[PDB]
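Coordinate analysis (summary)
What follows is the residue order along each chain.
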Amino acid sequence: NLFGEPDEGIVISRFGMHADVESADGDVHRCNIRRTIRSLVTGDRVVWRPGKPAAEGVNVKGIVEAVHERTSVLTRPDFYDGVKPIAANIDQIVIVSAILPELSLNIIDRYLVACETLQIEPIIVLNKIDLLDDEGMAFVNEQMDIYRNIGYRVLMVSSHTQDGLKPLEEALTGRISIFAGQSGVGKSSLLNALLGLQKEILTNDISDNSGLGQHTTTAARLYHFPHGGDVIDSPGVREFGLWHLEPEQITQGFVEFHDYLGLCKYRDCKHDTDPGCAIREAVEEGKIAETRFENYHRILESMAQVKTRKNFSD
Amino acid sequence: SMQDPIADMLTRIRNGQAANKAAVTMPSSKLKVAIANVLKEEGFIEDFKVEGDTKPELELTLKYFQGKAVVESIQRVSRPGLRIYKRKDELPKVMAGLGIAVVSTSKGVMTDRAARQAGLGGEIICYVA
Amino acid sequence: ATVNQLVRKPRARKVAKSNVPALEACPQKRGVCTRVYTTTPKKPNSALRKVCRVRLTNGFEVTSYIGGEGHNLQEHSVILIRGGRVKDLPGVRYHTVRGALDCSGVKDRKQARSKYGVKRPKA
RNA sequence: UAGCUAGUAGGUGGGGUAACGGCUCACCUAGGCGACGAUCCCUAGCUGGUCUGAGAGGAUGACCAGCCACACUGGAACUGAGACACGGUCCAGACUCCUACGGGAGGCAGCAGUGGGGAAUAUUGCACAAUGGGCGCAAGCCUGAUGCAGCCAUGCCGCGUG
RNA sequence: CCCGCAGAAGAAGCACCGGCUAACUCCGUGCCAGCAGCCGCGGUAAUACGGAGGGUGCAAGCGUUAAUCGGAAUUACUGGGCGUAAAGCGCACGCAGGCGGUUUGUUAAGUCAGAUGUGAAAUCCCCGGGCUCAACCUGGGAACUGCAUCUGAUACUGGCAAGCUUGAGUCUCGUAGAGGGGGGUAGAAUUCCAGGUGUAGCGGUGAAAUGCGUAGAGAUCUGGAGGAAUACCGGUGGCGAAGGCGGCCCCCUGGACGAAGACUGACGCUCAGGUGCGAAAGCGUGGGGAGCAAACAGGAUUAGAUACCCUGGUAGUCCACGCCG
RNA sequence: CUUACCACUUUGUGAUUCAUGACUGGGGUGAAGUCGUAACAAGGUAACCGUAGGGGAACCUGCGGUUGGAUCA
Ligand SMILES: Nc1nc2c(ncn2[C@@H]2O[C@H](COP(=O)(O)OP(=O)(O)NP(=O)(O)O)[C@@H](O)[C@H]2O)c(=O)[nH]1
Ligand SMILES: [Mg+2]
Ligand SMILES: [Mg+2]
Ligand SMILES: [Mg+2]
Ligand SMILES: [Mg+2]
Ligand SMILES: [Mg+2]
Ligand SMILES: [Mg+2]
Ligand SMILES: [Mg+2]
Ligand SMILES: [Mg+2]
Ligand SMILES: [Mg+2]
Ligand SMILES: [Mg+2]
Ligand SMILES: [Mg+2]
Ligand SMILES: [Mg+2]
Ligand SMILES: [Mg+2]
Ligand SMILES: [Mg+2]
Ligand SMILES: [Mg+2]
Ligand SMILES: [Mg+2]
Ligand SMILES: [Mg+2]
Ligand SMILES: [Mg+2]
Ligand SMILES: [Mg+2]
Ligand SMILES: [Mg+2]
Ligand SMILES: [Mg+2]
Ligand SMILES: [Mg+2]
Ligand SMILES: [Mg+2]
Ligand SMILES: [Mg+2]
Ligand SMILES: [Mg+2]
Ligand SMILES: [Mg+2]
Ligand SMILES: [Mg+2]
Ligand SMILES: [Mg+2]
Ligand SMILES: [Mg+2]
Ligand SMILES: [Mg+2]
Ligand SMILES: [Mg+2]
Ligand SMILES: [Mg+2]
Ligand SMILES: [Mg+2]
Ligand SMILES: [Mg+2]
Ligand SMILES: [Mg+2]
Ligand SMILES: [Mg+2]
Ligand SMILES: [Mg+2]
Ligand SMILES: [Mg+2]
Ligand SMILES: [Mg+2]
Ligand SMILES: [Mg+2]
Ligand SMILES: [Mg+2]
Ligand SMILES: [Mg+2]
Ligand SMILES: [Mg+2]
Ligand SMILES: [Mg+2]
Ligand SMILES: [Mg+2]
Ligand SMILES: [Mg+2]
Ligand SMILES: [Zn+2]
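Residues numbered from 1 in each chain as written, not as in the entry; some residues may be left out. Chains lettered and ligands numbered in written order. Part of a larger assembly, values for the part shown. Heavy atoms only, no water.

Let's shift gears to the protein's contact with RNA strand D. All names here are of chain C. RNA strand D sits among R13, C26, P27, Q28, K29, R30, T57 and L80. In this structure, a phosphate oxygen belonging to RNA strand D sits 2.7 Å away from a side-chain N or O atom of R30. A distance of 2.8 Å separates a phosphate oxygen of RNA strand D from a polar side-chain atom of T57. With 3 residues, strand β1 (residues 28-39) is the largest single contributor of residues to the surface near RNA strand D. Counted by class, the surface near RNA strand D contains 3 nonpolar, 2 polar and 3 charged residues. (Near = heavy atom within 4 Å. Polar contact = N/O pair within 3.5 Å; in protein donor to acceptor, adjacent residues only side chain to side chain. Helix = DSSP H or I, 4+ residues; strand = E, 2+ residues; numbered from the N terminus. Nonpolar A, V, L, I, M, F, W, Y, C, P; charged D, E, K, R; others polar.)

Glancing now at the coordination of the magnesium ion (ligand 3). Residues and elements named next belong to chain A. The protein atoms donating to the magnesium ion (ligand 3) are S188 (OG) and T217 (OG1), with metal-donor distances spanning 2.0 to 2.6 Å. Residue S188 is found in helix α4 (residues 187-195), and its partner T217 is found in the loop between α4 and β12 (221-224); the two are separated by 29 residues along the sequence. Across the pair, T217 and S188 agree in class, each one buried. (Donors = N, O, S within 2.8 Å, 3.2 Å for Na, K, Ca; no water. Buried < 20%, exposed > 50% of the residue type's maximum accessible area, 1.4 Å probe, protein only.)

Counting 49 residues, the largest nonpolar core has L112 and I250 of chain A as its most contacted members. The residues that make up this core include at least three from each of domain 2 (70-242) and domain 3 (243-314) of chain A. With residues up to four places along the chain from it excluded, the contact list for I250 of chain A reads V113, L242, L245, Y296, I299, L300 and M303 of chain A. Core analysis: the second largest hydrophobic core is formed by 24 residues, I6, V38, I45 and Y64 of chain B among them. (Core = buried A, V, L, I, M, F, W, Y, C linked by side-chain atoms within 4.5 Å. Domains from an automatic or database assignment. Contact = heavy atoms within 4.5 Å.)

Residue and element names in this part refer to chain B. Within the secondary structure layout, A69 lies in the loop between β3 (57-62) and β4 (74-76). On the basis of relative accessible area, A69 is assigned to the partly exposed category, the value being 28%. Taking the C-alpha atoms as reference, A69 lies 14 Å from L10; in sequence the two are 59 residues apart. When residues no more than four places from it in sequence are discounted, the contact partners of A69 are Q17, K63 and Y64.

Residues and elements named next belong to chain A. As annotated by UniProt and renumbered to match this structure, "binding site: Zn(2+)" occupies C264, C269, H271 and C277. Inspection of the secondary structure puts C264 in the loop between α5 (247-253) and α6 (278-284). If sequence neighbours within four positions are ignored, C264 has contacts with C269, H271, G276, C277 and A278. With respect to the helices and strands, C277 occurs in the loop between α5 and α6. (UniProt positions renumbered as here; feature names shortened; annotations may be inferred.)

What follows is the structure, given as structure tokens:
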């Protein structure tokens, strides 16, 4: 046979031709994949079987036969490729942003819209607050509160000084949390700080140069949380554009808009300059975050630019 | 520079036959005269004549039995870059003896037929068909 | 081109590169399996090829294919390899002689038995 | 791999060899070889031939025949018509063997055969009946040359299994 | 080797069957297991995987691997190529070398002819002979395509001698040319400085912003300073070996072409090594620096702009001498 | 007993070669991963050549060159 009896297992990480699979016993192994399988990402739950463990005193590659149906999944549309998933069976995403690499009220909004379409509970963290001066901290908090004023969990943590992680640790316990965000924001460093993994094994960490940082982590790897649950390190991303999502799904994604649906005199209210747009005046009096409204409009107009492709995303 | 007059004469004949000329003219030579005599004897060329004394010129009258060139193939075999000498027994045969190979033997310039009938080997000047 | 050029330097023919250098023109060689592992083929083909990396007697180390369904090969196995080429296995240019002094024949093989070291069934 | 060479290349004289010769020596000359590849480096016994090819060529040198070189490694000579000698001598070295530790013995790349290496290659056979060879007047003796036998489907050819 | 006895009695396997390539169907399987010399097969009827039946080929052998030649004209002597498929050095000069116009004489080196000697036997081939045939052994012949020597032949190539002028070169007279090196000079234009007038914007983009302007910008006039390049002519134009060369003038200098005539008399072509020239960028030292502009600074766009765009701007761009090649 | 030649050997060294090798540089192949999409149409700022600078990456910019670039009375 040259292989052991089949068993259930999780996908700790995917590396092209072959992935890393953890058995229920908790031992991880490199395992190949059958060509019949089409999609297989981190967090997937698969039926696999290891090879007979006698070769050069080390383990031989296992084979993964099939994957179980995903419960949840985090996907992202890719030009030339369609929508592709990053990690499945996820319970919570943590949008990791940092002031130095880039400050983007636009990427955070795109992520919020996405996770709202995916029903996954989000949480905003802002890394490297050590770089900002105390005045600058008071200058970043009065717009980080934009989201905590609509309930979003907003935390500020310094990975280098391990400052204020402790609430992040608490929010991370006993759940499955994918660390997502732009490259250089500190997702790997934050994981090193939180996991407290052995010094011999650490995620790659290169410093940013000029306008933007490198793409160090090119993989998505699961990690077992010390207290309880699991986190997932993800590769940095540049554009989280949303052309696959329908335009209405973007209005739904902004949670501060349900307070004004059906209050626009024109029923098909595009809400930009159409008369009687409730959210227009709502943002006129400051009920809505101006930046959020402008971001909504600009991502809508961005969808027009990226609708040029005739490929399908269904 | 001109480093082989015999190949020049051959190609003059060839291009004259192709361009359907009536008569060609080379700067004459004793050797050129002898080769022309062979092709007149073999009915390859109708006639040849030498004019002038200080700068003599040889003139050849090309044949055309059906308007098509009588000499349909002609090529220099022993060139200055590589000389070719054959012994009497291994003398060549052009078109299996239908054509004529001109060879310079110790007894002058003669057709392969005359040469091997005289039992003499020599430098193969060229093949005329 | 010119005969003079050929004289100044003659035409050098093209010597052939042997596609089985580890054989040293020997029809077969003997080695010991240092590692048995499963590999993947080229894009047209999908499979778990059973191959073994073998340290040869003449100091050479090469990867060899194992024909037939199943093998009893493990680490420290004295096998005999033969020349050949596997198209879909890049870098595998040797087979294993099924039935050669460590590797047994294929079980219940009935046709082309000689190609797998399977003695004639008693009948 | 572009320079190499000082007994180097010549000459005279002496010596030496069976024989010519820097073969050797004294002196003299300053040459000699090299791009038509010297020197250096790697590889390699050569040929008749063998395989292939229409031929030119290509590959190659297993068997048989001719030549060469070698006989554990290095060196030297003796004896002799012929040797610097496979089963002769001396020395030195390595290894193996005997030892009374004082010293001694040996050389299968002859025929069998053993271990080892290898994918792989055979009997520790019979006879000098024949052909050769050595010695002998001869008879005859010797001959793992040779003639035969043994083993192997290794090849070619033939036959059967109706 | 011959005779006798018994009894079909003691004696058949291996590979292949998708095409190449002779030979096809069922079942199992289901991109798995597996096959495969090359193309290739396998995801639900697989003639390609495994088993079975049937068939094809060979046979005491059959297959696989290794190795050589062939096919392969795929090292092209026989018998290949180089505009775009691999392949003309960036260009030139030039030693060795290869090749060499035409006539006469001589020589006989090459070349050819004849003769002789030799090219061991075996092996290869042909006609025979002997093993019951064959393999095998064997007689005779042919062949061994080679080498050497001697005697001749003199057409061609080579050598020698004497020529000849058609190749090559010289001279006389002129033509055209951004050919080259050096030195002057001119006129526009950009920028800068100083001053005159004078107001509030200028500048830039698709739109803007950065930037400059009330100390007066921008605009306009006058004067000055400096650097770089030479509208129009201008061309499908010319010159140069190539790279390249563009205001005008002077000095030095190379080549090309034309007419006629004289002169020399093969003095020629090509060229491995070698030597030289050789766009731009770049390097060293020292000047110079108007404009332009890698790097860099800034403003926009953008997820970002690390680019395109905008405002600036260093090296460099220019000169001298070297280097790079 | 001496002298000459001289094999072996010992140093001081030089050259060269083999085996191994700490520690590394790039490469190749697979490829159903990741980040963007560099080129192919004027590939959406024409590509490419030489050179210099810059940058996670394909690449960007300057200088000169080519058409093996579309459109353009
Ligand atoms: N000053 C500062 N630097 C930090 C802090 N946290 C992390 N960094 C540094 O910022 C860089 C972030 O790299 P990394 O963690 O790999 O980035 P990422 O956001 O995980 N994404 P990617 O892997 O694509 O680069 C590293 O150099 C890391 O050490 C912090 O709190 N302060
Ligand atoms: Mg993609
Ligand atoms: Mg990371
Ligand atoms: Mg498109
Ligand atoms: Mg003497
Ligand atoms: Mg004497
Ligand atoms: Mg040898
Ligand atoms: Mg042939
Ligand atoms: Mg040889
Ligand atoms: Mg032998
Ligand atoms: Mg020995
Ligand atoms: Mg004696
Ligand atoms: Mg001897
Ligand atoms: Mg002896
Ligand atoms: Mg012996
Ligand atoms: Mg022996
Ligand atoms: Mg006798
Ligand atoms: Mg005896
Ligand atoms: Mg037999
Ligand atoms: Mg068929
Ligand atoms: Mg099918
Ligand atoms: Mg079926
Ligand atoms: Mg089958
Ligand atoms: Mg069958
Ligand atoms: Mg050939
Ligand atoms: Mg060709
Ligand atoms: Mg090309
Ligand atoms: Mg080409
Ligand atoms: Mg050229
Ligand atoms: Mg001549
Ligand atoms: Mg000459
Ligand atoms: Mg002769
Ligand atoms: Mg003979
Ligand atoms: Mg007979
Ligand atoms: Mg002459
Ligand atoms: Mg004269
Ligand atoms: Mg040269
Ligand atoms: Mg320059
Ligand atoms: Mg400079
Ligand atoms: Mg300077
Ligand atoms: Mg600029
Ligand atoms: Mg910006
Ligand atoms: Mg100057
Ligand atoms: Mg593109
Ligand atoms: Mg482009
Ligand atoms: Mg740049
Ligand atoms: Mg040019
Ligand atoms: Zn509205």
